[PDB]
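Reading through the structure tokens given below for one structure.
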Amino acid sequence: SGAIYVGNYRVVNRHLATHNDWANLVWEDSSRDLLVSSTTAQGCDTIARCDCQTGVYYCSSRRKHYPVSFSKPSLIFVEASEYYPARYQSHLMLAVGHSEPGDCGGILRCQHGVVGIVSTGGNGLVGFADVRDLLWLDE
Ligand SMILES: NC(=O)[C@H]1CCCN(C(=O)Cc2ccnc(O)c2Br)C1
Ligand SMILES: [Zn+2]
């Protein structure tokens, strides 16, 4: 679990969005595993606007943060799950690191701010949904 709170927006994994997220929907994209909902309170986070390919992510299944080198956002095949059929997930960045299903929502940050959230994993890999291209989150 986990979310990004920026301005009057809450960014979560689309597959973990609640009834309240859907009732306050701003934007969603199944191909990216992202959903953004509106909030009444001002949020705590800053979004990175950069091309960093190193950062640190929070891994809830270890209660620890890990440094990672990750690939640039790209279209990656993701096997079928209870949430989605087998498909290509876009804007996804991979890195070597530990990740279990409940780790989705953990934040990846670089020195400039929030880069993305954990969205996939397995076999010593961790995948992050990028949010750096969503410029409207800042306005
Ligand atoms: N399609 C998706 O973005 C995910 C939806 C939930 C399922 N999914 C995963 O990758 C689940 C996952 C996450 C983290 N570490 C793991 O070892 C595993 Br398996 C795929
Ligand atoms: Zn950066």
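Note that the numbers count up from 1, one per residue, in the order the chain is shown.
Quick check of the header: X-ray crystallography, 1.5 Å.
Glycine is no exception: its Cβ is also placed from the backbone N, Cα and C atoms.
The feature active site, for protease 2A activity is assigned by Swiss-Prot to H15 (among others). Taking a C-beta cut-off of under 8 angstroms and a sequence separation of 6 or more, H15 (active site, for protease 2A activity) has the following same-chain neighbours: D33, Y83, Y84, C104.
Cβ neighbours within 10 Å of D33 (active site, for protease 2A activity), excluding its own Cβ and spanning all shown chains: 25. Residues or ranges marked as active site, for protease 2A activity in Swiss-Prot: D33 (among others).
Sequence-distant neighbours of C50 (Zn(2+) 1 binding site): residues of the same chain at least 6 apart with a C-beta under 8 Å from its C-beta are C110, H112, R132. The DSSP secondary structure for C50 (Zn(2+) 1 binding site) is coil. The Zn(2+) 1 binding site annotation in Swiss-Prot covers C50, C52, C110, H112.
The annotation active site, for protease 2A activity is assigned in Swiss-Prot to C104 (among others) on the grounds of similarity to another entry. Residue environment of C104 (active site, for protease 2A activity) contains 24 other Cβ atoms, counted within 10 Å of its Cβ in all protein chains. Under the DSSP three-state reduction, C104 (active site, for protease 2A activity) is assigned to coil, being neither helix nor strand.
With a CB cut-off of under 6 A applied against ligand 2, the recorded positions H15, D33, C50 are reduced to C50. Take the mean position of the Cβ atoms of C50, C52, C110, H112, the recorded Zn(2+) 1 site; other residues of that chain with a Cβ within 8 Å of it are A48, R49, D51, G55, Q111, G113, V115, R132. DSSP assigns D33 (active site, for protease 2A activity) to coil in the three-state reduction, placing it in neither a helix nor a strand.
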